[PDB]
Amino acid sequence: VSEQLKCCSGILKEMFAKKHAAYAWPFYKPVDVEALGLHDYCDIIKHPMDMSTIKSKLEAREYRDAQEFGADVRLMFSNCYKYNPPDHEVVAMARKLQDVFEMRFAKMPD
């Protein structure tokens, strides 16, 4: 792939690293609406996204560029902020993981 898209795989790998796991784990897989009892989630969140889905898209070379990858990562976090109250524990986790992502995504070379 492009160099920028290789860097994106490295960013996602970092988001999967154990040092971040205590706040990243909710985002590892698709929100399991049945397991969680969330009867309004699919209505509120029209475009679900998670880290495993992003990884699959990287592996299948489905992103046209780094901005498309970044849009999916931000969609994942935005969905969390949209669905949940701002004081929710999962929102705090999203913000900590988004801090990891934004710092690395910003420091990508041009």
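For every residue, the number given is its place in the sequence shown, counted from 1. If you superpose the two forms and keep the largest set of C-alpha atoms that fall within 1.5 Å, you have the rigid core.
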### Task
Would you say which of 33-41 and 65-73 moves more relative to the shown form in 7 other deposited structures of this protein, going by RMS C-alpha distance with the core superposed?
33-41
### Task
Would you tell me which stretch averages the higher CA B-factor in the PDB entry, 34-42 or 67-75?
34-42
### Message
Mean CA temperature factor from the deposited coordinates, higher in 57-65 or in 44-52?
### Response
57-65
### Message
Ranking every modelled residue in this chain by its Cα temperature factor as given in the entry, which third contains residue 13?
### Response
highest
## Note on the structure
Temperature factor at the Cα of residue 19, chain-ranked in thirds, falls in the highest
